[PDB]
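A.B. asks: Here it is, the structure in full.
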Amino acid sequence: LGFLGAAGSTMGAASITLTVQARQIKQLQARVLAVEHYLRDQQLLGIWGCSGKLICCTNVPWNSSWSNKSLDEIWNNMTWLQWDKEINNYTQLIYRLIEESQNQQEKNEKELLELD
Amino acid sequence: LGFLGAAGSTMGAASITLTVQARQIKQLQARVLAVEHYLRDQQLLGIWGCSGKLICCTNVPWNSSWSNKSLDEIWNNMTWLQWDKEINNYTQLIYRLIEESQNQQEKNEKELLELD
Amino acid sequence: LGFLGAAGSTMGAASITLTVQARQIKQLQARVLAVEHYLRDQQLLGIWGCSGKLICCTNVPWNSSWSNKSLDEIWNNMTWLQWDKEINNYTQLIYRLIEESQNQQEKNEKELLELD
Amino acid sequence: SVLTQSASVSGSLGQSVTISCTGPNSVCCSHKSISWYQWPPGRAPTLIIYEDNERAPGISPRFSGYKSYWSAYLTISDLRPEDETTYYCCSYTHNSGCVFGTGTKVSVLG
Amino acid sequence: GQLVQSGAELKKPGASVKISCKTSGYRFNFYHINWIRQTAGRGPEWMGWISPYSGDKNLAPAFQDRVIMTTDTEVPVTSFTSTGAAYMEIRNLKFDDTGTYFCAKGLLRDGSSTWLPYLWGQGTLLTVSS
Ligand SMILES: *[C@@H]1O[C@H](CO)[C@@H](O[C@@H]2O[C@H](CO)[C@@H](O[C@@H]3O[C@H](CO[C@H]4O[C@H](CO[C@H]5O[C@H](CO)[C@@H](O)[C@H](O)[C@@H]5O)[C@@H](O)[C@H](O[C@H]5O[C@H](CO)[C@@H](O)[C@H](O)[C@@H]5O)[C@@H]4O)[C@@H](O)[C@H](O[C@H]4O[C@H](CO)[C@@H](O)[C@H](O)[C@@H]4O[C@H]4O[C@H](CO)[C@@H](O)[C@H](O)[C@@H]4O)[C@@H]3O)[C@H](O)[C@H]2NC(C)=O)[C@H](O)[C@H]1NC(C)=O
Ligand SMILES: *[C@@H]1O[C@H](CO)[C@@H](O[C@@H]2O[C@H](CO)[C@@H](O[C@@H]3O[C@H](CO[C@H]4O[C@H](CO[C@H]5O[C@H](CO)[C@@H](O)[C@H](O)[C@@H]5O)[C@@H](O)[C@H](O[C@H]5O[C@H](CO)[C@@H](O)[C@H](O)[C@@H]5O)[C@@H]4O)[C@@H](O)[C@H](O[C@H]4O[C@H](CO)[C@@H](O)[C@H](O)[C@@H]4O)[C@@H]3O)[C@H](O)[C@H]2NC(C)=O)[C@H](O)[C@H]1NC(C)=O
Ligand SMILES: *[C@@H]1O[C@H](CO)[C@@H](O[C@@H]2O[C@H](CO)[C@@H](O[C@@H]3O[C@H](CO[C@H]4O[C@H](CO)[C@@H](O)[C@H](O)[C@@H]4O)[C@@H](O)[C@H](O[C@H]4O[C@H](CO)[C@@H](O)[C@H](O)[C@@H]4O)[C@@H]3O)[C@H](O)[C@H]2NC(C)=O)[C@H](O)[C@H]1NC(C)=O
Ligand SMILES: *[C@@H]1O[C@H](CO[C@@H]2O[C@@H](C)[C@@H](O)[C@@H](O)[C@@H]2O)[C@@H](O[C@@H]2O[C@H](CO)[C@@H](O)[C@H](O)[C@H]2NC(C)=O)[C@H](O)[C@H]1NC(C)=O
Ligand SMILES: *[C@@H]1O[C@H](CO)[C@@H](O)[C@H](O)[C@H]1NC(C)=O
Ligand SMILES: *[C@@H]1O[C@H](CO)[C@@H](O)[C@H](O)[C@H]1NC(C)=O
Ligand SMILES: *[C@@H]1O[C@H](CO)[C@@H](O)[C@H](O)[C@H]1NC(C)=O
Ligand SMILES: *[C@@H]1O[C@H](CO)[C@@H](O)[C@H](O)[C@H]1NC(C)=O
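And the structure:
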């Protein structure tokens, strides 16, 4: 299929290809920048508790104001490019909520570690 | 509380705030250096099997030679700054023991799985 | 032993030392290169679901065309240096198969949780 | 030798043949492994089986070991004229040398 | 992987004999070198083995007072193969010591079966006469 060949496919179809895109003085600056972008996303996954996973479920409920579409209307009727545009203004809210949910989980894990 | 706000608090109190502190041409050198420090710490956690966790229990027994203090003398009576000075000469030894324990653990997990 | 001290040892014997090698203007270029080198392999482990592990079992079956050698012939009769040469032409093929298997596993675990 | 083997075994072409190896429990087979060799007279031998289960490289699937405390066994499936030779069993440990048995002859009929 | 032995030799009783075992196609130091005797009146007998790496040797009780083993320093050919030779000396030969002598090498670099005589030389005859 190749890199980003899934971009025009439905979100459900695209989900099978995630590993394809997971891969990959001006020259020196470019090399540092490429590293920063890689790590930027990895830090977010670590913050969310999703590190090491391609697909990570969270405890944050879907908020219907972000989108009123049904799962079939999202997963089989849209591309990821279209989906990002539909919720482009809410992505920061979602990221913050995921972090807050992880913070509560870590507090609970701490108690469990002392108990057993 | 904010970044390093727990520094004067006891170690036990500080353990609550780890979530907060886990976060956060010359510019090029600054950017490279910031990356090296992030990865240095993550490399150790990955080797120890502690990646993705703020608090990670191990199978390494405490040597009374490293410290003769009781848990109460450590957790409720010390700052982390004071504690690091007490074990500054033993820290590298402890790190190697954690690494050996992780490698023995995974070897045993492999051998267990061979039976399935 | 020491860094790469196990290189001449058998593949089975060498496994006890994995942590030894897991750790560890021109000066700036050297520093950036070391980071890129480190991240290249960590990126593969993150995709494979093997992040945080020194030894990681997968769901990919061994294809006898890659090697027809018995486990004794590999683990008790080879160095890792010799082994890498034997499968040097198949290494990238194996890597892609691991990635495909992980993505299917991530999808299947998601579907299990959707049902439950 | 402390180990003993039957003087001979036989069977028809394509028939399975089994060869025993026995001795004192201290020699065969409590806490011991038995290896097997082909050893034609006047010629160097070839290793067939080691650790009572593993085939040596270059050895056909027709050869396989079986084990009991009282005796180790070698079984030859699909008997051929090519296999019409003398066989020996060897008791061994990781800390000791080989103890050879008396050997056996294999005959191929028809 | 191949082993080559010294050709057959005739000796008088009480004479010493030295038998070489040249090796090629594999790393000499990686595997144990075994010596095995075959005599019609005795069947196969273990003469013990010598490590080319540590120099350690294990002679069977029958041969401890009569057999001496030594090896040459290996000379590399490739990064994974080398050449070299093992030698065995037998003191005070008897008529009972006649028959074929074999050189053989260990099966594995590790595991419980590491010293088993996987590869054998053609073997050569020793003869004793008055
Ligand atoms: C570089 O390359 C070389 C060549 O490849 C590598 O060397 C090879 O290394 C492997 C792994 O260590 C060795 O395999 C091991 O061999 C031993 C048997 O050897 C023993 O018997 C010798 C007998 O000779 C005399 O001494 C005995 C004493 O009782 C007398 O009875 C005899 O009459 C003789 O006088 C003895 O000399 C040996 O001791 C000496 O040599 C050893 C060599 O390794 C030294 O350590 C000693 O200090 C001493 O100098 C020795 O006793 C087998 O026993 C091993 O099998 C056990 O260990 C395996 C480890 O993987 C394991 O898998 C097996 O299951 C088995 O373990 C069992 O036994 C253990 C006993 O403690 C138990 O704890 C365990 O639970 C289990 O029950 C193993 O087969 C190769 O022989 C060696 N090859 C050569 C040619 O030397 C070298 O390692 C490489 N270097 C590097 C850095 O990689
Ligand atoms: C900087 O350093 C200082 C000094 O080390 C440190 O202050 C110590 O903080 C620890 C807690 O981390 C205190 O230990 C606990 O004290 C609990 C309360 O007992 C008394 O103090 C109460 C107020 O304490 C808080 O607020 C003050 C400022 O007001 C602050 O200094 C304290 O640190 C703390 O934040 C007070 O409300 C309480 O009230 C009693 O007395 C009044 C008198 O009028 C009376 O009216 C009330 O009815 C009541 O009788 C009392 O005065 C105590 O409960 C606690 O023990 C419980 O919690 C622990 C921890 O969960 C459990 O393990 C335990 O089983 C109990 O459940 C514990 O003893 C310590 O006393 C402070 N030391 C001093 C000298 O004040 C600061 O926190 C450090 N700052 C930072 C940022 O780290
Ligand atoms: C670019 O865009 C086009 C148009 O969107 C995409 O083409 C679509 O591709 C998808 C995925 O392959 C198709 O989805 C499947 O279509 C099948 C069509 O039926 C076939 O068989 C009938 C006769 O029985 C024929 O008449 C018909 O023409 C087809 O030959 C359905 O049968 C499938 O349903 C099955 O699978 C789905 C998904 O798992 C299940 O939910 C169903 O229950 C059932 O098991 C499925 O619907 C889609 O039809 C294609 N559209 C068109 C118009 O052809 C391209 O794929 C896209 N390219 C890329 C790279 O993304
Ligand atoms: C142990 O290995 C040797 C040699 O095999 C080669 O060298 C090893 C160290 C390792 O690098 C392997 O991957 C190499 O292939 C085996 O000896 C070989 O046996 C075959 C079959 O008889 C013979 O054709 C070869 O010539 C031998 N050696 C070489 C260099 O060709 C030996 O059998 C192995 N022992 C086992 C599996 O028990
Ligand atoms: C859902 O999102 C809207 C818009 O940000 C917000 O006003 C509302 O409170 C959210 N609902 C919940 C339950 O968080
Ligand atoms: C699916 O989304 C597209 C693009 O917004 C839209 O045109 C189409 O009508 C939608 N289908 C349904 C059934 O809503
Ligand atoms: C404690 O440390 C001393 C000094 O390094 C060491 O000798 C001893 O073995 C250690 N104890 C344990 C249990 O590791
Ligand atoms: C095994 O490997 C060979 C060589 O790459 C390949 O042709 C063959 O299809 C492979 N078999 C399977 C089942 O993948």
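One line per chain: the protein sequences are I, D, B, F and E, in this order. Counting with the deposited numbering, you get residues 520 to 543, 573 to 664 for the letters of the first sequence. Counting with the deposited numbering, you get residues 520 to 543, 573 to 664 for the letters of the second sequence. Counting with the deposited numbering, you get residues 520 to 543, 573 to 664 for the letters of the third sequence. Counting with the deposited numbering, you get residues 2 to 9, 11 to 27, 27A to 27C, 28 to 95, 95A, 96 to 106, 106A, 107 for the letters of the fourth sequence. Counting with the deposited numbering, you get residues 2 to 52, 52A, 53 to 72, 72A to 72H, 73 to 82, 82A to 82C, 83 to 100, 100A to 100F, 101 to 113 for the letters of the fifth sequence. Even for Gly, the Cβ is constructed at its ideal location relative to N, Cα and C.
With a threshold of 7 angstroms between beta-carbons, can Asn625/B be considered close to chain E, or not?
C.D. replies: Looking up residue 625/B in the third sequence gives position 77. Chain E contact via Cβ: present.
A.B. asks: Counting only Cβ pairs nearer than 7 angstroms, list the residues of chain F close to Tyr101/E.
C.D. replies: Here residue 101/E is taken as the residue at index 118 of the fifth sequence, counted from 1. What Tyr101/E touches in chain F: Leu46, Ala55.
A.B. asks: Comparing the CB of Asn656/B with every heavy atom of ligand 6, is any distance shorter than 6 angstroms?
C.D. replies: Translated into positions along the third sequence, residue 656/B becomes position 108. Because no heavy atom of ligand 6 lies under 6 angstroms away, the Cβ of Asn656/B does not count as near it: no.
A.B. asks: On the DSSP bridge list, what partners appear for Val104/F?
C.D. replies: Walking along the fourth sequence from the start, residue 104/F turns up at place 106. The partner list for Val104/F (beta bridge, DSSP) reads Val11/F.
A.B. asks: Under three-state DSSP, which class holds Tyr65/F?
C.D. replies: In the fourth sequence, residue 65/F corresponds to position 66, counting from 1. DSSP places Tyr65/F in strand when its eight states are reduced to three.
A.B. asks: Just checking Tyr27/E against ligand 4 - is the residue's beta carbon closer than 6 angstroms to any of the ligand's heavy atoms?
C.D. replies: One-based indexing of the fifth sequence puts residue 27/E at position 26. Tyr27/E Cβ: within cutoff of ligand 4.
A.B. asks: Cβ of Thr538/B less than 7 angstroms from any chain D Cβ?
C.D. replies: Working through the third sequence from its first residue, we reach residue 538/B at position 19. At least one chain D Cβ lies under 7 angstroms of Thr538/B.
A.B. asks: Does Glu662/D come out as helix, strand or coil in the three-state DSSP assignment?
C.D. replies: Start at 1 with the first residue of the second sequence, and residue 662/D comes out as number 114. Correct three-state label for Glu662/D: coil.
A.B. asks: Please work out which residues of its chain come closer than 6 angstroms, Cβ to Cβ, to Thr70/E, disregarding the five sequence neighbours upstream and downstream, and give them in chain order.
C.D. replies: On the fifth sequence, position 70 is the one that residue 70/E refers to. Taken in chain order, the residues that qualify are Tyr79.
A.B. asks: Label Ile82/E either buried or exposed according to how many other C-beta atoms from any shown protein chain fall within 10 Å of its C-beta, with 16 as the threshold for buried.
C.D. replies: On the fifth sequence, position 90 is the one that residue 82/E refers to. Result: buried.
A.B. asks: Looking only at its chain, what residues have a beta carbon closer than 7 angstroms to the beta carbon of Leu602/D, apart from the 5 residues adjacent to it on each side?
C.D. replies: Taking the first residue of the second sequence as position 1, residue 602/D is located at position 54. These residues qualify, in order along the chain: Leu537, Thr538, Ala541.
A.B. asks: Could you check whether the Cβ of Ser615/B sits closer than 6 angstroms to any heavy atom belonging to ligand 8?
C.D. replies: For the purposes of this step, residue 615/B is identified with residue 67 of the third sequence, where counting begins at 1. Closer than 6 angstroms to some heavy atom of ligand 8: that does not describe the Cβ of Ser615/B.
A.B. asks: Ligand 2: which residues have Cβ under 6 angstroms from any of its heavy atoms, chain order?
C.D. replies: Output, sorted by chain position: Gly527/D, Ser528/D, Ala532/D.
A.B. asks: Check whether the Cβ of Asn607/D sits closer than 6 angstroms to any heavy atom of ligand 6, and report yes or no.
C.D. replies: Your numbering for residue 607/D matches position 59 in the second sequence. It does not: the Cβ of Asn607/D is nowhere closer than 6 angstroms to a heavy atom of ligand 6.
A.B. asks: Flag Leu661/D as yes if its beta-carbon sits less than 7 angstroms from any beta-carbon of chain B, otherwise no.
C.D. replies: As a first step, residue 661/D must be located in the second sequence, where it is residue number 113. Yes, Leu661/D lies at the interface with chain B (some Cβ there is under 7 angstroms from its Cβ).
A.B. asks: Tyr87/F versus chain E: which residues are under 9 angstroms apart at the beta carbon?
C.D. replies: On the fourth sequence, residue 87/F is found 88 positions in, with the first residue counted as 1. Chain E residues near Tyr87/F: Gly44, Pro45.
A.B. asks: For ligand 5, any of its heavy atoms closer than 6 angstroms to the Cβ of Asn611/I?
C.D. replies: Residue numbering aside, residue 611/I sits at position 63 when the first sequence is read from its first letter. Result yes, Cβ under 6 angstroms from ligand 5.
A.B. asks: For the alpha helix (DSSP H) that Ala541/D lies in, which residues bound it at each end?
C.D. replies: Position 22 of the second sequence, counted from the first residue, corresponds to residue 541/D. It spans 537 to 541 - the alpha helix (DSSP H) in which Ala541/D sits, taken as one unbroken run.
A.B. asks: Beta-carbon of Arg82A/E versus every beta-carbon of chain B: anything under 7 angstroms?
C.D. replies: Position 91 of the fifth sequence, counted from the first residue, corresponds to residue 82A/E. Answer no: the Cβ-Cβ gap between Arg82A/E and chain B never drops below 7 angstroms.
A.B. asks: Please check if any C-beta of chain I sits within less than 7 angstroms of the C-beta of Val608/D.
C.D. replies: If you number the second sequence from 1, residue 608/D lands on position 60. False, the Cβ-Cβ gap to chain I never drops below 7 angstroms.
A.B. asks: To which residues of the same chain is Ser34/F closer than 7 angstroms at the C-beta, ignoring the five residues directly before and after it?
C.D. replies: The residue labelled residue 34/F in the question sits at position 35 within the fourth sequence. Taken in chain order, the residues that qualify are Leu46, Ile48, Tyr49, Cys89, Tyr91.
A.B. asks: Suppose contacts are defined by Cβ-Cβ distances below 7 angstroms. Is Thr20/F in contact with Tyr72/F by that definition?
C.D. replies: Residue numbering aside, residue 20/F sits at position 18 when the fourth sequence is read from its first letter. Residue numbering aside, residue 72/F sits at position 73 when the fourth sequence is read from its first letter. Cβ distance < 7 angstroms, so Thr20/F and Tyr72/F count as in contact.
A.B. asks: Identify whether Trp610/I lies in helix, strand or coil by the three-state DSSP scheme.
C.D. replies: Working through the first sequence from its first residue, we reach residue 610/I at position 62. In this structure, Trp610/I counts as coil in the three-state DSSP scheme.
A.B. asks: Shorter than 6 angstroms, the distance from the beta carbon of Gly100/E to the closest heavy atom of ligand 1, or not?
C.D. replies: The sequence position of residue 100/E within the fifth sequence is 111, counting from 1. Indeed, a heavy atom of ligand 1 lies less than 6 angstroms from the Cβ.
A.B. asks: Please identify the residue among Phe84/E, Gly88/E, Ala93/E whose C-alpha is closest to the C-alpha of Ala16/E.
C.D. replies: Looking up residue 16/E in the fifth sequence gives position 15. When only C-alpha atoms are compared, the closest one is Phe84/E.
A.B. asks: Count Cβ pairs between the region 581 to 601 of chain D and the region 590 to 601 of chain B that sit closer than 8 angstroms; are there 3 or more?
C.D. replies: yes
A.B. asks: Taking a cut of 7 angstroms between CB atoms, which residues from the region 639 to 653 of chain I lie near chain D?
C.D. replies: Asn651
A.B. asks: Using DSSP's beta-bridge definition, name the partner residues of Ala71/F.
C.D. replies: Sequence index remark: in the fourth sequence, residue 71/F carries index 72 (1-based). Its beta-bridge partners are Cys23/F, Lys66/F.
A.B. asks: List the residues of chain D whose Cβ lies closer than 9 angstroms to the Cβ of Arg588/B, in chain order.
C.D. replies: Position 40 of the third sequence, counted from the first residue, corresponds to residue 588/B. Under the 9 angstroms cutoff, chain D gives no residues; its nearest Cβ is about 12 angstroms from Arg588/B.
A.B. asks: DSSP three-state label for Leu96/E, please.
C.D. replies: By one-based count along the fifth sequence, residue 96/E stands at place 107. It is coil, neither helix nor strand.
A.B. asks: Do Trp623/B and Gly531/B have their C-beta atoms closer together than 7 angstroms?
C.D. replies: Translated into the one-based positions of the third sequence, residue 623/B becomes position 75. Translated into the one-based positions of the third sequence, residue 531/B becomes position 12. Yes, they are a contact pair.
A.B. asks: For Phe62/F and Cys92/E, I'd like the C-alpha separation in whole angstroms.
C.D. replies: Residue 62/F sits at position 63 when you count from the first residue of the fourth sequence. Residue 92/E sits at position 103 when you count from the first residue of the fifth sequence. Taking the straight line from one Cα to the other gives about 25 angstroms.
A.B. asks: With 7 angstroms set as the bound, which would you pick, yes or no: does the beta-carbon of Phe98/F sit closer than that to a beta-carbon of chain E?
C.D. replies: Position 100 of the fourth sequence, counting from 1, holds the residue named residue 98/F. With 7 angstroms as the cut-off, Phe98/F counts as an interface residue toward chain E.
A.B. asks: Using 8 angstroms for Cβ pairs, my map puts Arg644/D next to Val580/I. What's the rounded Cβ distance?
C.D. replies: Here residue 644/D refers to the residue found at position 96 when the second sequence is read from its first residue. Here residue 580/I refers to the residue found at position 32 when the first sequence is read from its first residue. Not quite, the Cβ-Cβ distance comes to about 32 angstroms (not below 8 angstroms), so this is no contact.
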